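Report on the structure given below.
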Amino acid sequence: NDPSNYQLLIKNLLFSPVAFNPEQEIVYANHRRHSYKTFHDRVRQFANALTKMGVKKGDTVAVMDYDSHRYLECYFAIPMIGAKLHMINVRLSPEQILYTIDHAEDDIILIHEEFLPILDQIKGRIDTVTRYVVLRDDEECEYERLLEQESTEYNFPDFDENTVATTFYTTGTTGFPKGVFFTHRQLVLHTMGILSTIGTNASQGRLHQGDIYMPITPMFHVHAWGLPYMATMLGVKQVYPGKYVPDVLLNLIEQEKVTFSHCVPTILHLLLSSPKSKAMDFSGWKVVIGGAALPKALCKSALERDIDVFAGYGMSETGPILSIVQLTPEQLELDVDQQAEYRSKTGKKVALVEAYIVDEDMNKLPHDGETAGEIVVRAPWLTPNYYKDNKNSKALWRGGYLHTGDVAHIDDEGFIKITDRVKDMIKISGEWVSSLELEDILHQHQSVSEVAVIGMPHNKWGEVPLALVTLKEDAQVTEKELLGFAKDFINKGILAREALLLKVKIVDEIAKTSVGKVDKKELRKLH
Amino acid sequence: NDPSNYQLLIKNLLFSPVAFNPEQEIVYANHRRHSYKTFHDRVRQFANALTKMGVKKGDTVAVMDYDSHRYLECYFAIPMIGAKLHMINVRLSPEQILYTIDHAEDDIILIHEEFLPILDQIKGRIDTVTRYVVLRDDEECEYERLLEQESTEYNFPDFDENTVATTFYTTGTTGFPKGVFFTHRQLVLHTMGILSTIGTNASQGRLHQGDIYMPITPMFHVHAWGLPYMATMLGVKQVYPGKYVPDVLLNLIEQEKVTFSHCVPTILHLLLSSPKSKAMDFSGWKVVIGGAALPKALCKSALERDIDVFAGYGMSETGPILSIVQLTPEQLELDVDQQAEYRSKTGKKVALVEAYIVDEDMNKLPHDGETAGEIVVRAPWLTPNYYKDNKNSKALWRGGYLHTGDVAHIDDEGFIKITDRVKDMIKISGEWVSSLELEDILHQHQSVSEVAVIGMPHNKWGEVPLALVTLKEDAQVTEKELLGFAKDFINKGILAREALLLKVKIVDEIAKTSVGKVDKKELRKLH
Amino acid sequence: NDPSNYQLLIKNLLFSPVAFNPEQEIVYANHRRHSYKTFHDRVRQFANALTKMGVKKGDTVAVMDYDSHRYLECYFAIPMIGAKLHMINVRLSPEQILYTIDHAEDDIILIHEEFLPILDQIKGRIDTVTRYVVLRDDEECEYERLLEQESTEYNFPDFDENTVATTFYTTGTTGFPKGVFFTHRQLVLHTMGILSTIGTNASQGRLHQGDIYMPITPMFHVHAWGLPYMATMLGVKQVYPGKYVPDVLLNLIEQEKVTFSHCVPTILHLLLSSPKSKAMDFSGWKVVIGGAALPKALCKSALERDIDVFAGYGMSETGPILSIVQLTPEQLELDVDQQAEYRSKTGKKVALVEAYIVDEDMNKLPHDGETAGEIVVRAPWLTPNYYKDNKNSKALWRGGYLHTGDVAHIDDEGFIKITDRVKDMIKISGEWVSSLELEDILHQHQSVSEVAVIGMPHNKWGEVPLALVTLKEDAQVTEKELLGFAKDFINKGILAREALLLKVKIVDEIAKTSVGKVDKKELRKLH
Ligand SMILES: CCCCCCCCCC(=O)NS(=O)(=O)OC[C@H]1O[C@@H](n2cnc3c(N)ncnc32)[C@H](O)[C@@H]1O
Ligand SMILES: CCCCCCCCCC(=O)NS(=O)(=O)OC[C@H]1O[C@@H](n2cnc3c(N)ncnc32)[C@H](O)[C@@H]1O
Ligand SMILES: CCCCCCCCCC(=O)NS(=O)(=O)OC[C@H]1O[C@@H](n2cnc3c(N)ncnc32)[C@H](O)[C@@H]1O
Ligand SMILES: [Mg+2]
Ligand SMILES: [Mg+2]
Ligand SMILES: [Mg+2]
């Protein structure tokens with residue numbers, strides 16, 4: 001450790017922030033409420049407790065928790081002692097969750113009591129975990145008891161900024177969940193990079209030191225988009241809602257005067273459709289919408305409620321944020337219909353992001369508002385590869401750029417607009433489902449000859465899976481029978497819960513290509 | 001060059017900014033005006049011209065220029081081809097300037113025609129420079145002609161982010177000017193670090209994308225505090241005033257609607273005292289004051305003009321910015337007298353800066369509002385050492401922290417307040433003078449027995465040098481004779497021009513210590 | 001490549017064998033029959049075909065095939081060009097097979113047509129495979145057509161002997177299948193090491209140059225125990241039976257005059273129980289029994305048929321062979337009952353194997369015939385770790401020895417006798433099932449409170465799983481309902497086919513320990 005050789009460490013985000021008010025509050029719904037000074041104490045207590053549990057630098061601590069203060073402490077204390085924080089996506093099927101736990105080789109799992117039923121399905125096949133800390137919202141929490149037995153004093157190590165700080169698994173690709181990891185330097189740069197982008201907005205879409213922060217993106221989803229790191233960096237009041245309940249979320253916005261939040265379009269649809277939201281005041285509330293395309297109708301409805309609603313774009317692989325919608329003063333003077341179109345765009349690339357539209361030959365395409373191609377990016381917060389993966393990692397970084405798998409056109413003013421997907425994947429309410437995997441399960445039916453699963457757009461869910469099934473030579477099976485057939489795979493924890501919204505459309509034939517492959521591009525036009 | 005191994009390069013500040021409007025203007029006073037798209041073209045043309053002149057990676061290009069568009073292009077094009085940009089402090093004496101040119105081994109000097117008289121004094125003793133490009137504000141500029149002969153196309157190299165990008169020399173220490181250098185990574189982090197700090201301010205002291213930028217800090221002074229990099233990153237309109245004339249500066253603020261600027265307290269004193277400023281409107285003008293302590297009276301006078309005036313602190317060695325004044329909403333509601341006290345503080349440390357108060361034994365002192373000690377800092381943009389210097393570099397980084405040489409107390413809320421200096425140096429209107437060097441010159445007088453030079457505070461200049469001279473056994477020399485004696489050293493280019501404000505006070509004795517050393521701490525109390 | 005620096009390469013097993021008769025035959029059941037000279041030609045043709053398909057050194061070629069001549073060519077040609085041969089255990093569930101294909105990142109899969117139904121279950125989730133070569137026992141084989149288009153000339157590379165030659169996955173541990181790998185040097189040493197052991201036997205249990213070899217161990221099971229490499233090294237006639245049919249196997253033994261074979265005890269039980277075997281002559285037939293404990297009754301029945309039947313011991317992790325039964329001339333003169341006891345022992349350690357009995361503290365135990373402990377081994381053909389695995393690899397090599405997970409006592413004469421298992425795993429007919437995984441599936445039943453699965457010994461299957469289920473507070477579910485419940489998991493390809501032999505025994509309570517854990521050691525005594 002050379003003192004002049006500064007390392008970009010997550011501990012510098014905490015102890016060298018943009019602003020620190022020791023009396024500013026971290027609020028956990030209606031369960032807990034303490035100050036930033038207490039939060040710094042609990043990070044050091046957690047670091048002491050982790051050291052006592054034998055967590056060393058390079059160890060993996062897994063977290064299965066809701067959006068809480070404990071998760072925020074996990075964001076700092078675990079990477080800050082040099083350990084790897086593994087955010088377990090609790091919305092995956094138990095079999096997928098078991099894979100990521102064994103693949104990541106977690107030493108300790110901090111699991112909420114409500115996720116214990118998931119554990120009992122896969123506990124026997126977990127071999128790396130030596131300790132389970134059960135998390136509770138009451139005084140009987142094992143995490144809270146571990147912290148109480150520790151001092152609020154800890155000297156956090158200096159290590160290389162390229163130490164891996166966080167890992168998590170995305171199901172956005174084919175096959176098994178892929179592990180993406182991020183270093184301390186990448187997370188620090190992502191915090192400063194996006195703060196420099198959305199902090200410096202003139203009027204609209206600002207994250208500033210006077211904001212009150214409440215995530216409605218799960219903290220296992222690409223670091224809650226990285227906003228808890230930015231919210232801590234700004235020293236703002238942070239409200240953690242726990243398990244997402246629309247009435248609980250709406251009460252927290254009014255009671256804690258939340259001004260900045262973020263979520264997938266499904267959450268905003270649920271928040272705006274709730275009967276209690278009708279009498280609510282949203283004048284000071286800003287929400288950035290990511291994970292899925294923001295519908296113009298949903299953006300318009302939020303605008304009528306005086307919500308500063310704008311869109312953002314990112315990936316698990318890309319330290320999430322790649323582009324955010326920024327409106328010029330001229331664009332802010334437009335009518336609600338014209339404003340809703342700009343606010344629902346994919347967005348302009350954020351600072352230090354090189355986003356290009358290319359074709360299959362990696363040739364860069366002109367940035368007119370019509371020519372479409374895959375988005376390839378270079379940024380200081382991209383995963384260099386998938387964890388313990390070679391061939392898929394090479395495809396991710398083919399041609400020297402990270403491939404997003406998203407087809408988009410970029411206009412003259414830099415506004416990206418995603419048109420469709422390269423990958424044969426469907427995102428439902430923020431969770432991934434693989435069409436090929438869904439086809440395989442539905443093909444296991446005895447009276448099924450061919451299955452083609454496509455993503456049908458949905459106003460509430462974003463996309464829903466549509467299975468176009470060709471019957472056998474003399475087979476007659478109703479559509480709802482296949483839905484019940486696939487439900488049994490969900491009940492066993494093999495298929496994702498989001499396939500419960502699958503629609504089966506029996507068709508006489510499935511359109512193909514001259515080579516014999518299924519033509520899904522032409523298939524979506526017909527249905 | 002590994003594509004996934006992102007390098008923090010100054011070319012990423014330009015081509016991956018927070019915002020880019022190709023039709024946004026770069027304005028050079030009343031001489032030139034072009035768009036950001038032209039500015040990017042002229043950077044590539046300059047890169048082509050530098051390549052033709054044989055500038056390679058690792059070469060030093062020196063610039064002797066006013067605050068212009070050419071200097072802004074020098075900020076990018078020279079580091080972006082991997083060359084070292086040397087900002088020559090044209091306010092130093094010609095002998096000091098000659099030292100820094102030979103010490104830095106400049107290959108090419110871009111010198112304005114008005115600085116040619118400085119060159120003719122030291123041209124014979126310059127051995128490393130092979131080409132002089134003369135800069136002119138008219139069409140006869142050699143820099144403009146070099147650019148016209150080049151294409152607007154250039155592929156900027158990828159190199160290590162630890163490549164040195166900028167060098168310049170500070171006279172704030174004893175002895176010869178010391179060379180501080182900064183890498184691409186340090187400059188990029190300084191841009192994002194301070195943008196995350198002042199961009200995210202809620203209301204007061206904001207640098208945002210809607211601002212109009214005009215520096216009144218010279219661009220050879222620690223990168224104009226780094227603001228031109230931040231202004232380019234935000235893609236804002238930039239107004240470069242050229243040579244500082246109070247009427248010209250005031251006209252540019254009104255005509256170009258400047259909203260963000262920065263300067264030393266002397267400049268603000270001159271701007272506010274100008275008769276034309278009385279009828280001017282300063283409602284939208286924000287200026288951050290650094291380099292010297294901001295007097296409460298000057299801050300109050302600016303506040304009566306509705307100027308968002310706040311203070312900042314930094315050094316040549318520290319990538320300048322270490323702390324900036326940020327006001328909470330409660331502090332913004334105070335009266336003008338109470339507000340002027342907070343706005344004139346040294347400030348709260350910026351993001352990623354670890355500022356401590358220590359004693360001579362490097363023991364960290366409590367942060368009460370009374371206990372004073374030297375500020376020692378750790379930050380991602382500090383010079384690791386002085387150029388081609390070992391012993392002074394070790395003292396700069398003694399105890400693992402960079403020593404500022406400034407004595408301060410930090411209060412409970414984190415507000416730093418500088419009390420006095422460790423180093424025996426005096427800063428006059430933003431330029432350094434060494435008391436020991438001034439004593440040596442005045443000691444060369446035949447009728448001088450002892451000389452002690454101390455810095456007397458000044459309302460306009462900040463500090464002025466005061467020489468307390470003890471006469472010889474039977475000598476009688478008037479005070480004004482010594483002032484003329486020292487003026488001859490200035491006319492020869494050996495002593496700094498700022499010593500013209502020296503005051504000689506003949507005293508019967510000079511207070512000393514038990515060890516025999518001069519007691520300057522007790523000496524300032526008496527006079 | 002230093003010519004004097006000899007590398008132990010699999011190509012030296014082929015082109016520098018103990019004996020080479022160019023007119024000696026490789027027989028594939030009743031489908032194909034060619035000479036050793038043709039076999040060497042087809043290895044070079046396969047090497048040419050693999051080079052044309054773009055297989056480079058370090059690539060993985062996966063094989064899903066029966067015991068054939070093609071598999072024998074795969075044993076040589078794939079490692080001999082420096083590629084990794086992945087032997088896919090086709091008896092695993094499709095989900096397990098999919099895991100090993102994705103974990104190993106196979107580039108090309110050589111799959112028999114009869115295993116294509118397994119592929120269609122998991123084809124959509126396979127991402128690394130670019131080519132499937134379908135294998136057929138007729139002239140329409142894609143492998144045969146690929147070979148016909150190539151020359152019989154190939155210069156095989158010299159590389160480091162530590163190049164990994166073979167990979168395969170064992171399910172003998174908890175969690176996911178673990179990848180064990182072996183280098184060229186390890187495989188060469190395993191061939192010479194065991195040839196020096198069983199070749200030098202005086203009379204009984206000899207593998208010599210006059211033998212006729214027929215494997216009845218699948219070639220995906222630890223290299224068919226390594227015998228095809230040894231059989232090729234000796235240049236003996238090799239008979240490959242394809243898919244195991246008891247009448248087909250018995251016909252090949254009589255028709256091809258097979259003298260040396262090997263199998264699990266279940267196969268020998270099936271061969272001896274077949275009605276056609278009654279009239280067969282087994283005077284010259286030797287078979288070594290591994291994978292499971294050889295019952296004394298089965299050994300005695302084989303001895304009455306004049307079969308030279310002896311036992312051997314090994315693992316997937318241990319290059320299989322660790323110990324083989326060798327009988328002294330005095331032991332060969334004993335009666336059939338006393339001989340059957342010695343022939344059914346675990347065996348004496350083979351050359352270059354250091355086998356020790358230790359306790360949980362890695363303390364070596366005395367080699368009396370009663371004291372039992374875990375077998376830990378050091379040998380020149382052990383896997384150094386599991387593929388892409390750290391924590392499980394450390395447990396495998398805890399204390400500097402490879403842990404077998406087998407409890408045994410070693411007598412004074414060196415005869416090992418395995419008593420029970422450390423790992424909570426059950427082996428059924430040569431395939432592994434995890435008790436904890438079986439408990440988890442049976443625990444998913446709504447009317448199940450506690451499940452404890454233990455391995456009950458079986459005369460035919462070796463071990464069968466026994467589930468002792470404690471009913472809920474007021475639940476009444478029949479035992480056969482749970483068997484049908486678990487069968488559905490098998491039909492979906494999640495649970496192993498070998499769980500079809502599970503027995504459910506409803507019990508009022510499950511014996512536990514003072515710590516609360518299930519006491520399976522005491523549980524097996526009760527049931
Ligand atoms: C200031 C925050 C602003 C940033 C928010 C977005 C971050 C979301 C992090 C996140 O979806 N990871 S993922 O691996 O679960 O999904 C990644 C995929 O989702 C899609 N997609 C994400 N955003 C989208 C958007 N605005 N419009 C349309 N499509 C969007 C897209 O196909 C991505 O490739
Ligand atoms: C957003 C910009 C806000 C940052 C402006 C300050 C940067 C000035 C960069 C710069 O003075 N370098 S130097 O080497 O020529 O001088 C360095 C010395 O000057 C003194 N000193 C600088 N600031 C001061 C301040 N606010 N109050 C009091 N004393 C101040 C101090 O003794 C430093 O050690
Ligand atoms: C000349 C050949 C002579 C060598 C034949 C044995 C090689 C078998 C290669 C093979 O079982 N791998 S495994 O990973 O599928 O199983 C490994 C486990 O099986 C058990 N076990 C293997 N043999 C056994 C035996 N003779 N008596 C009793 N128990 C035996 C034992 O618990 C092992 O740990
Ligand atoms: Mg993703
Ligand atoms: Mg300085
Ligand atoms: Mg094994």
Side-chain angles (χ1 to χ4, degrees), chain A residues 1-8 12-13 15-22 186 188-189 191-203 206-211 230 233-234 326 328-329 348-355 378-385 397 399-402 412-414, chain B residues 1-8 12-13 15-22 186 188-189 191-203 206-211 230 233-234 326 328-329 348-355 378-385 397 399-402 412-414:
Chain A
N1 310 341
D2 180 23
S4 50
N5 199 354
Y6 191 93
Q7 305 296 310
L8 293 166
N12 298 321
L13 295 175
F15 305 138
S16 280
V18 171
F20 175 65
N21 190 354
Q186 276 175 327
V188 170
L189 289 168
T191 311
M192 326 294 308
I194 279 76
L195 281 178
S196 294
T197 307
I198 68 188
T200 56
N201 291 335
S203 38
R206 273 195 80 210
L207 180 53
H208 56 76
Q209 287 165 50
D211 276 320
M230 314 192 222
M233 192 63 161
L234 297 187
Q326 281 180 347
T328 73
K348 296 186 188 181
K349 57 184 178 88
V350 297
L352 303 189
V353 164
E354 309 166 49
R378 260 178 216 181
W381 40 80
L382 313 180
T383 195
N385 54 96
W397 274 96
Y401 288 87
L402 192 143
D412 293 332
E413 46 263 68
Chain B
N1 310 341
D2 180 23
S4 50
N5 199 354
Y6 191 93
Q7 305 296 310
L8 293 166
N12 298 321
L13 295 175
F15 305 138
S16 280
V18 171
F20 175 65
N21 190 354
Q186 276 176 327
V188 170
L189 289 168
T191 311
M192 326 294 308
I194 279 76
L195 281 178
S196 294
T197 307
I198 68 188
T200 56
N201 291 335
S203 38
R206 272 195 80 210
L207 180 53
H208 56 76
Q209 287 165 50
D211 276 320
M230 314 192 222
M233 192 63 161
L234 297 187
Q326 281 180 347
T328 73
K348 296 186 188 181
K349 57 184 178 88
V350 297
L352 303 189
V353 164
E354 309 166 49
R378 260 178 216 181
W381 40 80
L382 313 180
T383 195
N385 54 96
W397 274 96
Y401 288 87
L402 192 143
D412 293 332
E413 46 263 68

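Proteins come first, then strands; the chains are lettered A, B, ... in the order of their sequence lines, and each starts at number 1.
Shortest non-hydrogen contact noted between B/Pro17 and B/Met233 is CB-O, 3.3 Å. Between A/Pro3 and B/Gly400, the shortest heavy-atom distance links the atoms CB-O, 3.1 Å. In this structure, A/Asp211 and A/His208 approach most closely via the heavy-atom pair OD2-N, 2.8 Å. When all heavy atoms of A/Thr383 and A/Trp397 are compared, the pair lying nearest together is O-NE1, 2.8 Å.
The parts of B/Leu352 that come within reach of chain A are both its backbone and its side chain, each placing non-hydrogen atoms under 4.5 angstrom from that chain. Looking at B/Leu189, only its side chain comes within 4.5 Å of chain A, counting heavy atoms on both sides. The contact between A/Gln326 and chain B is made entirely by side chain atoms (from C-beta outward), counting heavy-atom distances below 4.5 Å. Residue contact with chain A, scored on non-hydrogen atoms closer than 4.5 Å, is absent for B/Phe20. Neither the backbone nor the side chain of B/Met230 comes within less than 4.5 Å of any heavy atom of chain A.
Most heavy-atom pairs under 4.5 Å with chain A: of the set B/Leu195, B/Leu402, B/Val188, B/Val18, this distinction falls to B/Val18. Interface summary for chain A: among B/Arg206, B/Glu354, B/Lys348, the most heavy-atom pairs under 4.5 angstrom belong to B/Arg206. With chain A as partner, the option from B/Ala379, B/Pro384, B/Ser203 having the largest number of non-hydrogen pairs under 4.5 angstrom is B/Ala379. Put simply, of B/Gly193, B/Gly210, B/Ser196, B/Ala19, the one with the most heavy-atom pairs under 4.5 Å next to chain A is B/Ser196.
Put simply, OG1 on A/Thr328 and CD on A/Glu413 are 9.5 Å apart, with the number rounded to the nearest 0.5 Å.
B/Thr200 and A/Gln209 share a donor-acceptor pair across their side chains, judged by distance under 3.5 Å alone.
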